[PDB]
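Student: Sending over a structure as structure tokens; questions will come in a sec.
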Amino acid sequence: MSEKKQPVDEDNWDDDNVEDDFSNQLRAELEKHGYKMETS
Amino acid sequence: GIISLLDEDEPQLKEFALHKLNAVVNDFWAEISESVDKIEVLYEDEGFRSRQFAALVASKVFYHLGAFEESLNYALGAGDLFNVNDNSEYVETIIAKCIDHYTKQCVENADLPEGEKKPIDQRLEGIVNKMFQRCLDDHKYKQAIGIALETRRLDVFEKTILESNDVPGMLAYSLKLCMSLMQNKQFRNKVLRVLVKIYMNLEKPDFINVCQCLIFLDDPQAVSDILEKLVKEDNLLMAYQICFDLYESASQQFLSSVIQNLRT
Amino acid sequence: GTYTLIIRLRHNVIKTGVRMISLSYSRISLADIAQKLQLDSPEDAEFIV
Amino acid sequence: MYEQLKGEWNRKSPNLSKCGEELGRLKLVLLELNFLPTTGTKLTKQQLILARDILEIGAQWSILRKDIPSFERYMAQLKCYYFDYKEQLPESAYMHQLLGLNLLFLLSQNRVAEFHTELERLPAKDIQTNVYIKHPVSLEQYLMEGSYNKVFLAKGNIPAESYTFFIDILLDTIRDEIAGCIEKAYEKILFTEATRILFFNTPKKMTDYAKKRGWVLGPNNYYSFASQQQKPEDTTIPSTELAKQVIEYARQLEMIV
Amino acid sequence: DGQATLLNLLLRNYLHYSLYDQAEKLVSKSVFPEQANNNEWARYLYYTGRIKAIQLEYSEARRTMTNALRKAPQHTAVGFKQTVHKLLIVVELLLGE
């Protein structure tokens, strides 16, 4: 059993959805708001 | 690719198209399998010389795709080019439907032969007795005893009592076989009444089968006829097992119906 | 060897965008959506819309 | 070498009395040898490259005379000759400009499943090279989305050849499409905007469309009959179909299957 | 057992090719090999899934990709389960979901 011919060769998931939405967005807010204080 | 020139309207390129329909009928057999079926166009066309082979290759391709009787009509109408080869894994495909519709029609021809019978396409019965002679000549008489029943035809089975296999007890024990597997009375009595007359026209006419068939067959005069042959021969030693099998097996109505034929 | 199926996704990207914006904003100029979708042409952003 | 066509092939003899001797000449090819891919005798190619070049120019003047059904006969034979794994020319100055020409007419055939079943035949020749075949696939790819103007820019921006009979089928199949998108939920359009959305200044082609469909010719006006009112509020069709489906529920519910 | 293996084993280079035999696989009778042992049967639905991938998924075969996935065993993903795990959604990226 399991011969399986080879043509080629929590802890994770809540972290994966917040990885999905929380992906590539500024990463380092301590200064973004403190620089929008005077510019905005 | 050769399918593209099926609109030439020159009756030589249809011929050249069917030049490439038998050797290369395994790769773009997949191609022209469902798209183009213009066999019946040139086949029904007045353009001859190229329709004969056309129904062969349609009988090839429509066979494998379930269009069986489609391959069977083209199988009949394909002609001399079609039946010329029995050296393949393809004659097995076409006689499987030909002898099919033959004998399943011949059940209805055992029902009503007289009127609305078969318009045979002259090979639908031709390969029947053709390959049946192949049964008669390829030494197989356990099947030549059988396809002569498969045709449901009395006189070809009556013909095969005289074949390249002799009659020691062959075609005599066969009624012991077929009396068991005997379907109805309607097929039984017809073959039964004709085999037991050639049993009387045999060299040594058997007596227990012709008494047994006649109590199976209800002929209360013919056993008085051959009983008159046994009075005429005048040996009650051989006029014996024709008689106590008749009393032992037969009924009071039957023996009371044959007694007039005996006393007269 | 999926790349021929990969190449056709710009349609679903831009339908994703137009369902996104058309769901998001309500009375939005077409002279904003070409710039926000970096389409570089509003004149056919009448036509994608 | 049994040529009988080495004189009037390159010069324009436009539907003159060459094509009969040309076709019967190709019939004379058949008497010498079948157009079977000639599995043996790879060295003999006069049945292959010398016949096939005649067959592809025979594909070529078919579109100039607008020979559509026999055109694809030649082109189908060409594809079934480039099916040959026998070592030939890998291409010519014609294989892009004929195979993708089949792709461009087949684009104009409105058959897209056959437009994309081709694409195994040239994987690297799509984006990374072969711009002349990158042009029709990006063209039809622009026919996917709302790219109109860009498609009408590619109409005229051909680098490969004429492509004219294909961009005229393409000049129409978008004519009825813009004639489709007069019929969308619009305001009054004057006789300038939708007048210039195709390619016209002011002919009676806008009378052909404005009398073909609605948005009727008026005082600088395109009339909106945006009704879409009749079809809703139907209980009886769910009362037929749903009452079918409830008995369908009851079938595999108590009675055994 | 001849209706089963002779069709993925027919499919495996025709997919790699661009031969017509996808529509022949449409008109084929042997599309069902009748309980093909959950290995050829399992992958078979994938092998017909990429058919309508190259012939334009209209959300028809994402259920036969999903079905090919759920009939696949516990061995390793690197065999083909990568490529159904990729291609299974590749066709739903085509839808938008």
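All Cβ positions, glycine included, derive from the backbone under ideal geometry; neighbour counts span all protein chains shown. Bear in mind these aren't lab numbers, they're just calculated from the coordinates by the rules spelled out.
Student: Collect the residues in segment D:226-245 that are hydrophobic (A, V, I, L, M, F, W, C) and surrounded by 10 or more Cβ atoms within 10 Å (Cβ to Cβ), keeping them in residue-number order.
Tutor: As a first pass, look at segment D:226-245 and keep what is hydrophobic (A, V, I, L, M, F, W, C): D:226, D:237, D:242-243.
Answer for segment D:226-245, where residues must be hydrophobic (A, V, I, L, M, F, W, C) and surrounded by 10 or more Cβ atoms within 10 Å (Cβ to Cβ): D:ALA226, D:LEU242, D:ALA243.
Student: Looking at segment E:45-67, which of its residues are within 21 Å of E:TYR17 (Cβ to Cβ) and among the charged types (D, E, K, R)?
Tutor: Answer for segment E:45-67, where residues must be within 21 Å of E:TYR17 (Cβ to Cβ) and among the charged types (D, E, K, R): E:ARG50, E:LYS52, E:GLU57.
Student: Right, another one. Under 7 Å between Cβ atoms, which residue pairs at least 6 apart in sequence (or on different chains) link something in segment D:33-62 that is more than 11 Å from chain B (Cβ to nearest Cβ) and closer than 19 Å to B:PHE16 by Cβ with a partner that is acidic (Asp, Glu) and assigned to a helix (DSSP H, G or I)?
Tutor: Once the first residue is more than 11 Å from chain B (Cβ to nearest Cβ) and closer than 19 Å to B:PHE16 by Cβ and sits in segment D:33-62, its partners that are acidic (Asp, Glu) and assigned to a helix (DSSP H, G or I) give D:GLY58/D:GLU22.
Student: Could you list all residues from segment B:110-130 that are touching a helix residue (DSSP H, G or I) at 6+ places or on another chain (Cβ under 9 Å) and within 18 Å of B:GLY77 (Cα to Cα)?
Tutor: B:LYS118, B:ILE120, B:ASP121, B:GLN122, B:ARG123, B:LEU124, B:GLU125, B:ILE127, B:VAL128, listed by residue number.
Student: Additional query: Taking the stated definitions as given, is D:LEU99 within 23 Å of E:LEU15 (Cα to Cα) and under 14 Å from the mean Cα position of the chain (by Cα)?
Tutor: Numbers: within 23 Å of E:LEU15 (Cα to Cα): yes; under 14 Å from the mean Cα position of the chain (by Cα): yes.
Against the criterion (within 23 Å of E:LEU15 (Cα to Cα) and under 14 Å from the mean Cα position of the chain (by Cα)), D:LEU99 qualifies.
Student: Just one of E:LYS29, E:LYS71 is surrounded by fewer than 17 Cβ atoms within 10 Å (Cβ to Cβ), over 21 Å from C:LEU5 (Cα atoms), among the charged types (D, E, K, R) and in contact with a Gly (Cβ under 7 Å, 6 or more places away or on another chain); which is it?
Tutor: On the way: E:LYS71 fails: in contact with a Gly (Cβ under 7 Å, 6 or more places away or on another chain).
Just a single option satisfies the conditions, and that option is E:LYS29.
Student: For segment B:222-264, name all the residues that are exposed (fewer than 14 other Cβ atoms within 10 Å of the Cβ), of a type outside the set (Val, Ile, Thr) and not in a helix (DSSP H, G or I).
Tutor: B:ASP234, B:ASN235, B:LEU236, B:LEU237, B:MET238, B:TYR240, B:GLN241, B:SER251
Student: Which pairs have Cβ atoms under 8 Å, sit 6 or more apart or on different chains, and link a residue in segment D:1-24 that is among the aromatic types (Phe, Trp, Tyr) to one that is part of a helix (DSSP H, G or I) and surrounded by fewer than 12 Cβ atoms within 10 Å (Cβ to Cβ)?
Tutor: Once the first residue is among the aromatic types (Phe, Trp, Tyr) and sits in segment D:1-24, its partners that are part of a helix (DSSP H, G or I) and surrounded by fewer than 12 Cβ atoms within 10 Å (Cβ to Cβ) give D:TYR2/D:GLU32.
Student: While we're here: Between residues in segment A:1-14 that are more than 7 Å from every other protein chain (Cβ to nearest Cβ) and assigned to a loop (DSSP other than H, G, I, E, B) and residues that are surrounded by 10 or more Cβ atoms within 10 Å (Cβ to Cβ) and among the polar types (S, T, N, Q), which pairs lie under 7 Å by C-beta distance while being six or more apart or on different chains?
Tutor: none
Student: Tell me which residues, restricted to chain A, are basic (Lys, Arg) and under 22 Å from E:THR76 (Cα atoms). Reasoning before the result, please.
Tutor: Looking only at chain A, we keep the residues that are basic (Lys, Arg), and these are A:4-5, A:27, A:32, A:36.
Within chain A, A:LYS4, A:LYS5 meet the criteria.
Student: Count, please, the residues in segment D:115-124 that happen to be within 13 Å of chain E (Cβ to nearest Cβ) and part of a loop (DSSP other than H, G, I, E, B). Steps first, answer last, please.
Tutor: Taking segment D:115-124 as the starting set, the residues that turn out to be within 13 Å of chain E (Cβ to nearest Cβ) are D:115-123.
From what's left, part of a loop (DSSP other than H, G, I, E, B): D:117, D:122-123.
Residues meeting the conditions: 3.
Student: What about C:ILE21, is it surrounded by 16 or more Cβ atoms within 10 Å (Cβ to Cβ), within 13 Å of the chain's Cα centre (by Cα) and aliphatic (A, V, I, L, M)?
Tutor: It is false that C:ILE21 is surrounded by 16 or more Cβ atoms within 10 Å (Cβ to Cβ), within 13 Å of the chain's Cα centre (by Cα) and aliphatic (A, V, I, L, M).
Student: Enumerate the helices (runs of 4 or more DSSP H) found wholly within chain C, keeping only those where 3 or more residues are within 10 Å of another protein chain (Cβ to nearest Cβ). Before you say what the answer is, go through the steps one by one.
Tutor: Details: elements: C:3-6, C:10-24, C:30-36, C:45-48.
Counting at least 3 such residues, we get C:3-6, C:10-24, C:45-48.
Student: Sticking with this one: Looking at segment B:1-52 only, could you name the residues that are within 23 Å of D:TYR81 (Cα to Cα) and not in a loop (DSSP other than H, G, I, E, B)?
Tutor: Selection gives B:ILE2, B:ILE3, B:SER4, B:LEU5, B:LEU13, B:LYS14, B:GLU15, B:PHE16, B:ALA17, B:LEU18, B:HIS19.
Student: What is the residue count in segment B:178-201 for residues that are aliphatic (A, V, I, L, M), part of a loop (DSSP other than H, G, I, E, B) and over 15 Å from B:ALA222 (Cβ atoms)? Outline the logic, then answer.
Tutor: We begin by selecting, within segment B:178-201, every residue aliphatic (A, V, I, L, M); these are B:179, B:181-182, B:191-192, B:194-196, B:198, B:200.
With part of a loop (DSSP other than H, G, I, E, B) added as a condition, the list becomes B:181-182, B:200.
This time we only want the ones that are over 15 Å from B:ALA222 (Cβ atoms), so: B:181-182.
Adding up the residues that qualify gives 2.
Student: With the structure loaded, tell me whether D:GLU140 is under 30 Å from D:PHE199 (Cα atoms), facing another protein chain (nearest Cβ under 7 Å) and of a type in the set (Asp, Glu) or whether it fails that test. Before you say what the answer is, go through the steps one by one.
Tutor: Details: under 30 Å from D:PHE199 (Cα atoms): yes; facing another protein chain (nearest Cβ under 7 Å): no; of a type in the set (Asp, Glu): yes.
No; evaluated as a whole, the condition is false for this residue.
Student: Continuing with this model, one more query. Which of the residues belonging to segment E:39-81 are within 12 Å of the chain's Cα centre (by Cα) and β-branched (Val, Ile, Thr)?
Tutor: Selection gives E:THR48, E:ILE51, E:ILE54, E:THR64, E:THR66.
Student: Going by the structure shown, is B:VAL36 among the aliphatic types (A, V, I, L, M) and surrounded by fewer than 19 Cβ atoms within 10 Å (Cβ to Cβ)?
Tutor: Numbers: among the aliphatic types (A, V, I, L, M): yes; surrounded by fewer than 19 Cβ atoms within 10 Å (Cβ to Cβ): yes.
Taking the combined requirement at face value, the residue satisfies it.
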